[PDB]
Structure formats: C-alpha cells, structure tokens
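Visitor: File data-v7.cif follows (mmCIF, C-alpha atoms and all ligand atoms):
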```
data_query
loop_
_atom_site.label_atom_id
_atom_site.label_comp_id
_atom_site.auth_asym_id
_atom_site.auth_seq_id
_atom_site.Cartn_x
_atom_site.Cartn_y
_atom_site.Cartn_z
CA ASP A 90 -36.42 7.97 -30.81
CA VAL A 91 -33.49 6.62 -32.84
CA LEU A 92 -31.07 7.36 -29.98
CA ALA A 93 -33.64 6.22 -27.40
CA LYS A 94 -34.14 2.96 -29.28
CA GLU A 95 -30.35 2.41 -29.20
CA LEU A 96 -30.23 3.17 -25.46
CA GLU A 97 -32.51 0.20 -24.90
CA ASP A 98 -29.31 -1.86 -25.41
CA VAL A 99 -27.72 -0.42 -22.26
CA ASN A 100 -27.76 -3.72 -20.35
CA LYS A 101 -26.12 -5.60 -23.25
CA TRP A 102 -22.50 -6.33 -24.06
CA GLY A 103 -21.79 -4.86 -27.47
CA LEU A 104 -23.94 -1.75 -27.23
CA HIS A 105 -23.37 0.35 -30.37
CA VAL A 106 -21.49 3.03 -28.49
CA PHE A 107 -20.19 4.76 -31.63
CA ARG A 108 -23.73 5.16 -32.99
CA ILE A 109 -24.86 6.51 -29.64
CA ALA A 110 -22.00 9.04 -29.70
CA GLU A 111 -23.16 10.33 -33.09
CA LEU A 112 -26.89 10.05 -32.37
CA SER A 113 -26.45 12.01 -29.12
CA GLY A 114 -24.35 14.82 -30.58
CA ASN A 115 -20.96 13.66 -29.27
CA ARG A 116 -22.55 13.21 -25.85
CA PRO A 117 -22.22 9.42 -25.30
CA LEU A 118 -21.02 9.74 -21.68
CA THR A 119 -23.87 12.02 -20.53
CA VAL A 120 -26.70 10.01 -22.08
CA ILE A 121 -25.30 6.58 -21.17
CA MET A 122 -24.65 7.69 -17.57
CA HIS A 123 -28.07 9.34 -17.34
CA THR A 124 -29.75 6.18 -18.69
CA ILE A 125 -27.86 3.88 -16.29
CA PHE A 126 -28.57 6.11 -13.28
CA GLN A 127 -32.26 5.94 -14.26
CA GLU A 128 -32.12 2.16 -14.79
CA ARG A 129 -30.48 1.58 -11.38
CA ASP A 130 -32.82 4.15 -9.66
CA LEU A 131 -29.73 5.99 -8.38
CA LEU A 132 -31.28 9.46 -8.65
CA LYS A 133 -33.95 8.51 -6.11
CA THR A 134 -31.71 6.41 -3.88
CA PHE A 135 -29.21 9.24 -3.43
CA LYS A 136 -31.58 12.20 -3.91
CA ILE A 137 -29.60 13.37 -6.93
CA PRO A 138 -31.29 16.33 -8.69
CA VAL A 139 -31.72 15.48 -12.36
CA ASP A 140 -30.50 18.93 -13.43
CA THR A 141 -27.43 18.59 -11.22
CA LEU A 142 -26.61 15.21 -12.80
CA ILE A 143 -26.84 16.54 -16.36
CA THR A 144 -24.77 19.63 -15.57
CA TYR A 145 -22.03 17.59 -13.96
CA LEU A 146 -22.08 14.93 -16.70
CA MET A 147 -21.82 17.59 -19.42
CA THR A 148 -18.94 19.36 -17.65
CA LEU A 149 -17.17 16.05 -17.03
CA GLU A 150 -17.67 15.07 -20.67
CA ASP A 151 -16.34 18.49 -21.72
CA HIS A 152 -13.01 17.75 -19.99
CA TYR A 153 -12.35 14.68 -22.17
CA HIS A 154 -10.32 15.68 -25.22
CA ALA A 155 -12.30 15.63 -28.47
CA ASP A 156 -9.04 15.65 -30.49
CA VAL A 157 -7.60 12.50 -28.90
CA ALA A 158 -8.33 9.36 -30.92
CA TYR A 159 -8.84 6.76 -28.16
CA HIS A 160 -8.78 8.27 -24.63
CA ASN A 161 -11.83 10.47 -25.22
CA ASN A 162 -15.42 10.67 -24.01
CA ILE A 163 -16.44 7.63 -26.14
CA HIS A 164 -13.94 5.41 -24.29
CA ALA A 165 -15.29 6.77 -20.99
CA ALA A 166 -18.89 5.94 -21.92
CA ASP A 167 -17.81 2.50 -23.11
CA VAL A 168 -16.09 1.74 -19.78
CA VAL A 169 -19.09 3.01 -17.76
CA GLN A 170 -21.47 0.85 -19.78
CA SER A 171 -19.18 -2.19 -19.64
CA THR A 172 -18.81 -1.77 -15.87
CA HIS A 173 -22.61 -1.47 -15.64
CA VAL A 174 -23.05 -4.87 -17.33
CA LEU A 175 -20.39 -6.57 -15.19
CA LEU A 176 -22.10 -5.28 -12.02
CA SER A 177 -25.29 -7.13 -13.02
CA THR A 178 -23.64 -10.54 -13.28
CA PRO A 179 -25.55 -13.35 -11.47
CA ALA A 180 -22.55 -14.25 -9.30
CA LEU A 181 -22.70 -10.72 -7.80
CA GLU A 182 -26.46 -10.35 -7.18
CA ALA A 183 -27.12 -8.42 -3.93
CA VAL A 184 -23.38 -8.37 -3.12
CA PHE A 185 -22.58 -4.66 -3.42
CA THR A 186 -24.41 -1.82 -1.69
CA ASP A 187 -25.94 1.08 -3.59
CA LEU A 188 -22.93 3.21 -2.52
CA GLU A 189 -20.40 0.72 -3.92
CA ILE A 190 -22.34 0.49 -7.21
CA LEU A 191 -22.41 4.31 -7.31
CA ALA A 192 -18.65 4.42 -6.67
CA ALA A 193 -17.85 1.87 -9.35
CA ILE A 194 -19.92 3.67 -12.00
CA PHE A 195 -18.66 7.15 -11.07
CA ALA A 196 -15.04 5.91 -11.03
CA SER A 197 -15.54 4.45 -14.53
CA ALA A 198 -16.94 7.76 -15.85
CA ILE A 199 -14.02 9.89 -14.55
CA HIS A 200 -11.25 7.32 -14.86
CA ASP A 201 -9.46 8.92 -17.90
CA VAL A 202 -10.76 12.52 -17.78
CA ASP A 203 -8.48 15.23 -19.29
CA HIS A 204 -6.27 12.49 -20.80
CA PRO A 205 -3.81 14.13 -23.23
CA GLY A 206 -3.41 11.06 -25.45
CA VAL A 207 0.13 10.18 -24.29
CA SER A 208 1.25 7.59 -21.72
CA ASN A 209 2.65 8.01 -18.20
CA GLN A 210 6.12 7.00 -19.35
CA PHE A 211 6.06 9.68 -22.04
CA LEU A 212 4.99 12.27 -19.49
CA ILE A 213 7.85 11.14 -17.23
CA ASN A 214 10.46 11.09 -20.04
CA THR A 215 9.56 14.59 -21.24
CA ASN A 216 9.83 16.31 -17.82
CA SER A 217 6.15 17.21 -18.01
CA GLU A 218 4.44 19.39 -15.42
CA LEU A 219 2.10 16.44 -14.70
CA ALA A 220 4.97 14.14 -13.85
CA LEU A 221 6.55 16.90 -11.74
CA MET A 222 3.32 17.39 -9.80
CA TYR A 223 2.84 13.70 -9.10
CA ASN A 224 6.48 12.56 -8.65
CA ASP A 225 6.32 10.05 -11.54
CA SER A 226 3.82 7.76 -9.72
CA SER A 227 0.41 7.03 -11.31
CA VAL A 228 0.75 10.49 -12.89
CA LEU A 229 -2.30 10.35 -15.16
CA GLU A 230 -4.50 8.39 -12.77
CA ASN A 231 -3.93 10.85 -9.91
CA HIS A 232 -4.75 13.61 -12.38
CA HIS A 233 -8.01 12.06 -13.68
CA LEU A 234 -9.17 11.74 -10.06
CA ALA A 235 -8.27 15.30 -9.08
CA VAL A 236 -10.14 16.62 -12.15
CA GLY A 237 -13.16 14.35 -11.65
CA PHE A 238 -13.61 15.43 -8.01
CA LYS A 239 -12.75 19.09 -8.61
CA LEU A 240 -15.52 19.46 -11.20
CA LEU A 241 -18.11 18.45 -8.55
CA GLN A 242 -17.44 21.87 -7.03
CA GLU A 243 -18.55 23.80 -10.13
CA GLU A 244 -21.92 25.55 -10.24
CA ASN A 245 -24.76 23.04 -9.70
CA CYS A 246 -22.37 20.11 -10.16
CA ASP A 247 -22.31 18.40 -6.75
CA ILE A 248 -24.23 15.25 -7.59
CA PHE A 249 -23.30 13.93 -4.11
CA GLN A 250 -24.87 16.87 -2.24
CA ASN A 251 -27.48 14.72 -0.42
CA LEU A 252 -25.22 11.87 0.73
CA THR A 253 -24.36 11.74 4.41
CA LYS A 254 -20.90 12.93 5.46
CA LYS A 255 -19.96 9.31 6.08
CA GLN A 256 -21.31 8.19 2.68
CA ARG A 257 -19.27 10.87 0.88
CA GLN A 258 -16.10 9.94 2.81
CA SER A 259 -16.52 6.25 1.99
CA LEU A 260 -17.43 6.95 -1.63
CA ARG A 261 -14.43 9.26 -2.04
CA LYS A 262 -12.01 6.58 -0.77
CA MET A 263 -13.50 3.81 -2.94
CA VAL A 264 -13.32 5.93 -6.09
CA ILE A 265 -9.66 6.76 -5.44
CA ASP A 266 -8.83 3.11 -4.78
CA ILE A 267 -10.59 2.10 -8.00
CA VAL A 268 -9.08 4.67 -10.37
CA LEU A 269 -5.47 4.32 -9.11
CA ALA A 270 -5.88 0.61 -9.88
CA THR A 271 -6.44 1.42 -13.59
CA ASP A 272 -2.79 2.44 -13.72
CA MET A 273 -1.58 -0.04 -16.35
CA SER A 274 1.77 -0.41 -14.68
CA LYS A 275 -0.19 -2.09 -11.82
CA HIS A 276 -1.80 -4.77 -14.02
CA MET A 277 0.42 -7.72 -13.09
CA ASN A 278 0.10 -7.17 -9.35
CA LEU A 279 -3.65 -6.67 -9.65
CA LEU A 280 -4.04 -9.86 -11.68
CA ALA A 281 -1.77 -11.87 -9.33
CA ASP A 282 -4.03 -10.82 -6.45
CA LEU A 283 -7.12 -11.71 -8.48
CA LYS A 284 -5.80 -15.24 -9.10
CA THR A 285 -5.31 -15.62 -5.35
CA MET A 286 -8.94 -14.69 -4.62
CA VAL A 287 -10.23 -17.07 -7.30
CA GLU A 288 -8.18 -19.89 -5.79
CA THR A 289 -9.61 -19.18 -2.32
CA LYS A 290 -13.07 -17.75 -3.08
CA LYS A 291 -16.21 -18.57 -1.12
CA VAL A 292 -19.88 -18.62 -2.16
CA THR A 293 -23.03 -18.26 -0.06
CA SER A 294 -26.09 -20.50 0.33
CA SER A 295 -27.71 -18.69 -2.63
CA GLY A 296 -24.68 -19.22 -4.90
CA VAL A 297 -23.28 -15.68 -4.79
CA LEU A 298 -19.74 -14.45 -4.16
CA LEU A 299 -18.98 -13.93 -0.45
CA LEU A 300 -17.10 -10.67 0.20
CA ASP A 301 -17.08 -9.90 3.94
CA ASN A 302 -14.38 -7.23 4.25
CA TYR A 303 -13.45 -3.97 2.56
CA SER A 304 -10.21 -5.40 1.19
CA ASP A 305 -11.96 -8.15 -0.82
CA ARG A 306 -14.83 -5.92 -1.92
CA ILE A 307 -12.60 -3.11 -3.20
CA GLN A 308 -10.33 -5.63 -4.91
CA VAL A 309 -13.25 -7.07 -6.93
CA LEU A 310 -14.37 -3.55 -7.91
CA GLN A 311 -10.78 -2.62 -8.83
CA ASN A 312 -10.55 -5.62 -11.15
CA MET A 313 -14.07 -5.11 -12.49
CA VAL A 314 -13.26 -1.60 -13.73
CA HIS A 315 -9.80 -2.69 -14.96
CA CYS A 316 -11.59 -5.45 -16.93
CA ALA A 317 -14.03 -2.95 -18.46
CA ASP A 318 -11.03 -0.76 -19.31
CA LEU A 319 -9.44 -3.75 -21.11
CA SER A 320 -12.69 -5.01 -22.67
CA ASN A 321 -12.29 -3.86 -26.30
CA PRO A 322 -11.07 -7.28 -27.61
CA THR A 323 -14.06 -8.96 -25.92
CA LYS A 324 -16.54 -6.91 -27.94
CA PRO A 325 -18.22 -7.89 -31.26
CA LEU A 326 -15.59 -7.63 -33.97
CA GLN A 327 -16.83 -4.45 -35.66
CA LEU A 328 -16.54 -2.60 -32.33
CA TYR A 329 -13.13 -4.12 -31.52
CA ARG A 330 -11.63 -3.12 -34.88
CA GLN A 331 -12.63 0.53 -34.49
CA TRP A 332 -11.11 0.60 -30.98
CA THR A 333 -7.87 -0.78 -32.48
CA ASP A 334 -7.92 1.85 -35.22
CA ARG A 335 -8.22 4.55 -32.55
CA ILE A 336 -5.56 3.24 -30.15
CA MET A 337 -3.03 2.82 -32.99
CA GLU A 338 -3.59 6.36 -34.23
CA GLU A 339 -3.02 7.64 -30.69
CA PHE A 340 0.09 5.44 -30.31
CA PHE A 341 1.44 6.55 -33.71
CA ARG A 342 1.04 10.23 -32.85
CA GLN A 343 2.97 9.68 -29.60
CA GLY A 344 5.73 7.94 -31.55
CA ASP A 345 5.89 10.83 -34.01
CA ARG A 346 6.59 13.11 -31.04
CA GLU A 347 9.22 10.70 -29.69
CA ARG A 348 10.67 10.83 -33.22
CA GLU A 349 10.70 14.64 -33.47
CA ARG A 350 12.63 14.71 -30.16
CA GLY A 351 15.36 12.12 -30.71
CA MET A 352 13.94 9.71 -28.13
CA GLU A 353 13.69 5.96 -28.56
CA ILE A 354 10.21 5.26 -29.92
CA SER A 355 8.03 3.35 -27.45
CA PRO A 356 6.90 -0.20 -28.30
CA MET A 357 4.19 -0.33 -31.01
CA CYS A 358 4.29 3.47 -31.54
CA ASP A 359 6.45 3.63 -34.71
CA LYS A 360 4.24 3.78 -37.82
CA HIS A 361 7.16 2.63 -40.05
CA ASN A 362 7.69 -0.62 -38.14
CA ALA A 363 4.35 -1.59 -36.59
CA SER A 364 2.57 -4.91 -37.17
CA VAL A 365 -0.93 -4.06 -35.99
CA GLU A 366 -2.37 -7.57 -36.23
CA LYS A 367 0.56 -9.31 -34.48
CA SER A 368 0.42 -6.76 -31.67
CA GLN A 369 -3.28 -7.29 -31.05
CA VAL A 370 -2.55 -11.03 -30.85
CA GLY A 371 0.19 -10.47 -28.27
CA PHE A 372 -1.98 -7.96 -26.42
CA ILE A 373 -4.73 -10.59 -25.97
CA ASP A 374 -2.32 -13.45 -25.22
CA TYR A 375 -0.26 -11.66 -22.59
CA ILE A 376 -2.69 -9.11 -21.04
CA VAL A 377 -6.35 -9.30 -21.98
CA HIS A 378 -6.97 -13.05 -22.01
CA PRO A 379 -5.08 -13.82 -18.73
CA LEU A 380 -7.18 -11.13 -17.02
CA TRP A 381 -10.55 -12.06 -18.54
CA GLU A 382 -9.98 -15.78 -18.00
CA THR A 383 -9.39 -15.06 -14.32
CA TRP A 384 -12.45 -12.80 -14.09
CA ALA A 385 -14.51 -15.47 -15.86
CA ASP A 386 -13.22 -17.94 -13.25
CA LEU A 387 -14.36 -15.61 -10.44
CA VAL A 388 -17.92 -15.37 -11.78
CA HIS A 389 -18.13 -18.77 -13.58
CA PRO A 390 -20.02 -19.36 -15.84
CA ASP A 391 -21.57 -15.86 -16.15
CA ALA A 392 -18.78 -14.57 -18.42
CA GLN A 393 -18.46 -17.55 -20.79
CA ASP A 394 -19.85 -15.73 -23.86
CA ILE A 395 -17.59 -12.73 -23.28
CA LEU A 396 -14.59 -15.07 -23.12
CA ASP A 397 -15.70 -16.97 -26.27
CA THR A 398 -15.87 -13.68 -28.18
CA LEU A 399 -12.37 -12.81 -27.00
CA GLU A 400 -11.08 -16.16 -28.23
CA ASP A 401 -12.90 -15.75 -31.55
CA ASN A 402 -11.51 -12.22 -31.99
CA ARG A 403 -8.05 -13.57 -31.16
CA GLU A 404 -8.42 -16.30 -33.78
CA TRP A 405 -9.56 -13.75 -36.34
CA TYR A 406 -6.62 -11.35 -35.87
CA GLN A 407 -4.27 -14.35 -35.89
CA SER A 408 -5.80 -15.59 -39.18
CA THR A 409 -4.74 -12.33 -40.92
CA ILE A 410 -0.97 -12.80 -40.41
CA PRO A 411 -0.09 -15.96 -42.47
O1 LIG A 501 -0.14 2.76 -20.82
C1 LIG A 501 -1.37 2.40 -21.29
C2 LIG A 501 -2.53 2.74 -20.58
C3 LIG A 501 -3.78 2.39 -21.07
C4 LIG A 501 -3.90 1.69 -22.27
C5 LIG A 501 -4.96 1.08 -23.02
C6 LIG A 501 -4.40 0.40 -24.04
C7 LIG A 501 -4.92 -0.38 -25.16
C8 LIG A 501 -6.29 -0.39 -25.45
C9 LIG A 501 -6.77 -1.03 -26.58
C10 LIG A 501 -5.89 -1.68 -27.42
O2 LIG A 501 -6.22 -2.38 -28.57
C11 LIG A 501 -7.50 -2.51 -29.01
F1 LIG A 501 -8.10 -3.27 -28.05
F2 LIG A 501 -8.11 -1.31 -29.19
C12 LIG A 501 -4.52 -1.69 -27.13
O3 LIG A 501 -3.72 -2.40 -27.98
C13 LIG A 501 -2.66 -1.69 -28.65
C14 LIG A 501 -1.37 -2.43 -28.39
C15 LIG A 501 -0.41 -2.59 -29.50
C16 LIG A 501 -1.17 -3.77 -29.01
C17 LIG A 501 -4.05 -1.03 -26.02
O4 LIG A 501 -3.01 0.55 -24.02
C18 LIG A 501 -2.73 1.34 -22.93
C19 LIG A 501 -1.47 1.69 -22.48
MG MG A 502 -6.22 5.33 -17.90
ZN ZN A 503 -9.09 3.85 -19.80
#
```
Let me see whether you can do it: turn the structure in this file into structure tokens.
Ligand SMILES: Oc1ccc2cc(-c3ccc(OC(F)F)c(OCC4CC4)c3)oc2c1
Ligand SMILES: [Mg+2]
Ligand SMILES: [Zn+2]

Guide:
Amino acid sequence: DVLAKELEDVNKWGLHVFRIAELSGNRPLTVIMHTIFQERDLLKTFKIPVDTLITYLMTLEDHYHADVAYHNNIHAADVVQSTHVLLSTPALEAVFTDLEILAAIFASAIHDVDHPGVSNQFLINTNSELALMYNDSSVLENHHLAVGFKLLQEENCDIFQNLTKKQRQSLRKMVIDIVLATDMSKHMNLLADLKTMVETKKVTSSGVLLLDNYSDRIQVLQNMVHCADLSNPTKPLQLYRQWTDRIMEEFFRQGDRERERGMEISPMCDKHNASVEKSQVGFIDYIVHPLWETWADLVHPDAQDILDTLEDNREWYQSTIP
C-alpha cells in the first residue's frame, strides 16, 4: 500500500523514483513499467499476457548492473516514467498510434541495458570487445538494443507475441531508430534537426502537432526519449542532486581506471580536479537547457513548468560557486 500509494504519482514529473526503487525491492523498472502499461491499457490493446510482461520486465531489469552508480535499473525506470509523462503532453494528444507509444516506452526501458558504467570513448580507447564488435560506432547503444531484443526470446518473455508480423517489423525499426539516437555523440545533430522542425512546425484545427510522415514522427520520438534521458536537471532539486551524486561517482571510477592505465583522464572524471557545481552549470548551459528550451518550443506552453525548474536548479547550482 505504501508502494502502491507512491505509484499513484506515475503521471507526474518528479515521481519519487528512489523511494519506489526501495519500496519495490530494487524493482523500480518492473513496477513502473507494469503500472504504465496498465494505465495506458497496453496489455489489452496488444494482447500482452500479464505473466509474460512481468517475466520479461524482471529479466530485463536483471541485466542492468546493480553495482553501477548511475546507469542502472533506477535510471531506466526514471527514463521510462519521464517518457510516459512527455507522451501525455496536450500538444501531442491523439498524435501517436498505440504502436508508436509502445515503441517509445519499450525503447526507454531497454535504452541502457547491460551498461558497464563506462563511456563509448573509454570502450574505444581500451580496445574493448564491445568496440571491436561494433566498429567504434554507437558501441553501447547497439549493444543495449541487441540485449533488449535478445531477452524477448527467453522463456515466456516475448511480450510482442500477439502483434501482427507487420506490427513487429515496424515496432522493431522504431525502437532501433530511437535508441541509436540516445548516443550522446549525436546530440548536436539531433538538436539542430529539432530546431529546424520547431521553426517550420504545423498544427491542426484542434491545436495539436501535425506529423504526417515517418521521418517527422520518429524524429519527435527520438528527441522525446533523448529529453527524458537528459531530464535529471529538470527534476525537483532533491531528485536532481542524487542523480548528480550518482553520475559523478560513476565518472570518478572511470577516471580512476584511466589513471591506473596511464591514459589522459576524461573531462570531469578526475576526482582530484573536479568542480562538481561548475560542471553542472556548464552541463545545463551547453546541453540540457538548449535541448529543453527547444522541446518546450515544440510543445509550447505545455513544458513551461519543467523549464522553470531547470532554470531554478541552474540558479541554485550557480549560487554555490561564489
Ligand atoms: O557519454 C555520456 C552518455 C550519457 C551520459 C549521461 C550523462 C549525464 C547525466 C547526468 C548528469 O548530471 C546530473 F544531471 F546527474 C551529467 O552531468 C555530469 C557532467 C559533469 C557535468 C551527465 O553524461 C553522459 C555521458
Ligand atoms: Mg545511453
Ligand atoms: Zn541513459
């Protein structure tokens, strides 16, 4: 009842995702996904057996690393739930089909699975087997996808077993397109394209965004999930700070490995020369605010409160440097 009371916040920005993780027994991804599938009536729409959903969700959640500080199952649940809220924005009402909503939510859930807690560049610089498999190109993101789809083949895990062949083919392509777009080295090109759409966007008679081709539809979903991925500084401050604690631990541990190996330490990864507050300020100024401002423009004014929180959080971190 405690957990179930907290899951009543699932449509709200600033869900207490860390309390849900603890209240659910380190199962935040399973219970948040299950709740959202129920809320959106997805189990009935796609004839998904409830037992099949739980088995897949638990296996998926199992393949997130419980000893990685940031890129774990809690981050995955957070991104799912954030994507779920952004799908419900008034400017997008009745825009996406049930299959596109399914794809966006599923993509979010798998988008970092089996993440080892080090970056693509580190996997490239260390001659890793992952970088060798994927020829240095979206190494992690290709991997998260391969794992997320492969697990559907485990015993009683195919949650898509009752989709038509065409629905599965279309869903598979959309999920790939969405997850490869969370490759952080693609952020500038993705944002540049988003700006273009905002400059040239159209609305319908009802006031809703007009997306009449696959290219525009997938581009909005790509940016939606990328926004959810980069949504930590838009959250109430107590949530944001704990996300920063976790990312910096993960970054520090990567820099300790780059130290033990004689490599140049990556930006912000050296725990003997790291200004956490200044870096959060530059993170918001150069990455998170330019993206969220553009998204807010696309769906104006639906996202105004999310943007105000980001600007408050920016002011707060700034205020701690003088
Ligand atoms: O190659 C990649 C791929 C994915 C991610 C995700 C992030 C990321 C997420 C949250 C962050 O801060 C706070 F919001 F928790 C953050 O800031 C740390 C940086 C020094 C200023 C970075 O950084 C990444 C780098
Ligand atoms: Mg990622
Ligand atoms: Zn992520």

Visitor: Would you mind telling me which residue in A:156, A:150, A:318, A:404 lies nearest to ligand LIG 501 (chain A) when using only C-alpha atoms and all ligand atoms?

Guide: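 With only C-alpha atoms and all ligand atoms as the atom set, the closest residue is A:318.
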
Visitor: Check every protein, DNA and RNA residue against ligand ZN 503 (chain A), keep those with an atom at most 7 Å away (counting all atoms listed in the file), and present them as a PyMOL selection string.

Guide: chain A and resi 160+164-165+200-201+318

Visitor: Taking all atoms listed in the file into account, which of A:407, A:172, A:209, A:321 comes nearest ligand MG 502 (chain A)?

Guide: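 The closest residue to ligand MG 502 (chain A) is A:209.
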
Visitor: Can you write out as a Markdown table which residues of chain A fall within 6 Å of ligand LIG 501 (chain A), alongside each residue's closest atom pair and its distance in Å to one decimal, counting all atoms listed in the file and ordering rows by chain and ascending residue number?

Guide:
```
| residue | atom | partner | partner_atom | distance |
| --- | --- | --- | --- | --- |
| A:208 | CA | A:LIG501 | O1 | 5.1 |
| A:273 | CA | A:LIG501 | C2 | 5.2 |
| A:321 | CA | A:LIG501 | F1 | 4.6 |
| A:322 | CA | A:LIG501 | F1 | 5.0 |
| A:332 | CA | A:LIG501 | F2 | 4.0 |
| A:333 | CA | A:LIG501 | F2 | 3.3 |
| A:336 | CA | A:LIG501 | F2 | 5.3 |
| A:357 | CA | A:LIG501 | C15 | 5.3 |
| A:368 | CA | A:LIG501 | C16 | 4.3 |
| A:369 | CA | A:LIG501 | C16 | 4.6 |
| A:372 | CA | A:LIG501 | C16 | 5.0 |
```

Visitor: Once you count only C-alpha atoms, which residues end up no further than 12 Å from (9.8, -0.1, -26.7) in the file's frame, shown as number ranges by chain?

Guide: A: 210-211, 340, 344, 347, 352-359, 362-363

Visitor: Point out the residue among A:103, A:144, A:94, A:133 with the least atom-to-atom distance to residue 246 (chain A), counting all atoms listed in the file.

Guide: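 Among the listed residues, the smallest separation from residue 246 (chain A) belongs to A:144.
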
Visitor: One decimal, in Å: what's the spacing between CA of residue 278 (chain A) and CA of residue 307 (chain A)?

Guide: 14.7 Å

Visitor: Could you list, as an MDAnalysis selection string, all residues that come within 12 Å of ligand MG 502 (chain A)? Count all atoms listed in the file.

Guide: chainID A and resid 153 159:161 164:165 168 196:209 227:234 267:276 314:315 317:319

Visitor: Taking C-alpha atoms for each residue, export the selection above as an mmCIF file, keeping the file's coordinate frame.

Guide:
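Result file selection_4.cif:
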```cif
data_model
loop_
_atom_site.group_PDB
_atom_site.id
_atom_site.type_symbol
_atom_site.label_atom_id
_atom_site.label_comp_id
_atom_site.auth_asym_id
_atom_site.auth_seq_id
_atom_site.Cartn_x
_atom_site.Cartn_y
_atom_site.Cartn_z
ATOM 1 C CA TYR A 153 -12.350 14.680 -22.170
ATOM 2 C CA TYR A 159 -8.840 6.760 -28.160
ATOM 3 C CA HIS A 160 -8.780 8.270 -24.630
ATOM 4 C CA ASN A 161 -11.830 10.470 -25.220
ATOM 5 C CA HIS A 164 -13.940 5.410 -24.290
ATOM 6 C CA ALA A 165 -15.290 6.770 -20.990
ATOM 7 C CA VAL A 168 -16.090 1.740 -19.780
ATOM 8 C CA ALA A 196 -15.040 5.910 -11.030
ATOM 9 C CA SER A 197 -15.540 4.450 -14.530
ATOM 10 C CA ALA A 198 -16.940 7.760 -15.850
ATOM 11 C CA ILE A 199 -14.020 9.890 -14.550
ATOM 12 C CA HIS A 200 -11.250 7.320 -14.860
ATOM 13 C CA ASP A 201 -9.460 8.920 -17.900
ATOM 14 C CA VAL A 202 -10.760 12.520 -17.780
ATOM 15 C CA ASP A 203 -8.480 15.230 -19.290
ATOM 16 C CA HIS A 204 -6.270 12.490 -20.800
ATOM 17 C CA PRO A 205 -3.810 14.130 -23.230
ATOM 18 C CA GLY A 206 -3.410 11.060 -25.450
ATOM 19 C CA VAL A 207 0.130 10.180 -24.290
ATOM 20 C CA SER A 208 1.250 7.590 -21.720
ATOM 21 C CA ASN A 209 2.650 8.010 -18.200
ATOM 22 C CA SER A 227 0.410 7.030 -11.310
ATOM 23 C CA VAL A 228 0.750 10.490 -12.890
ATOM 24 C CA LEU A 229 -2.300 10.350 -15.160
ATOM 25 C CA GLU A 230 -4.500 8.390 -12.770
ATOM 26 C CA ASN A 231 -3.930 10.850 -9.910
ATOM 27 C CA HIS A 232 -4.750 13.610 -12.380
ATOM 28 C CA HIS A 233 -8.010 12.060 -13.680
ATOM 29 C CA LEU A 234 -9.170 11.740 -10.060
ATOM 30 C CA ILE A 267 -10.590 2.100 -8.000
ATOM 31 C CA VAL A 268 -9.080 4.670 -10.370
ATOM 32 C CA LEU A 269 -5.470 4.320 -9.110
ATOM 33 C CA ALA A 270 -5.880 0.610 -9.880
ATOM 34 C CA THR A 271 -6.440 1.420 -13.590
ATOM 35 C CA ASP A 272 -2.790 2.440 -13.720
ATOM 36 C CA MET A 273 -1.580 -0.040 -16.350
ATOM 37 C CA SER A 274 1.770 -0.410 -14.680
ATOM 38 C CA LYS A 275 -0.190 -2.090 -11.820
ATOM 39 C CA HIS A 276 -1.800 -4.770 -14.020
ATOM 40 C CA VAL A 314 -13.260 -1.600 -13.730
ATOM 41 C CA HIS A 315 -9.800 -2.690 -14.960
ATOM 42 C CA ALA A 317 -14.030 -2.950 -18.460
ATOM 43 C CA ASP A 318 -11.030 -0.760 -19.310
ATOM 44 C CA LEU A 319 -9.440 -3.750 -21.110
#
```

Visitor: So how many Å separate CA of residue 341 (chain A) and CA of residue 215 (chain A), to one decimal?

Guide: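 It comes out at 16.9 Å.
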
Visitor: Rank A:218, A:266, A:345, A:397 by their smallest atom-to-atom distance to residue 192 (chain A), using all atoms listed in the file, and report the top residue only.

Guide: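 Of A:218, A:266, A:345, A:397, the one nearest residue 192 (chain A) is A:266, counting all atoms listed in the file.
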
Visitor: For a quick check of understanding, using all atoms listed in the file, which of A:100, A:162, A:178, A:170 has the smallest distance to residue 391 (chain A)?

Guide: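 For residue 391 (chain A), the nearest of the candidates is A:178.
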
Visitor: Compare A:388, A:190, A:240, A:277 by their minimum atom-to-atom distance to residue 134 (chain A), counting all atoms listed in the file, and give me the closest one.

Guide: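 Counting all atoms listed in the file, the residue closest to residue 134 (chain A) is A:190.
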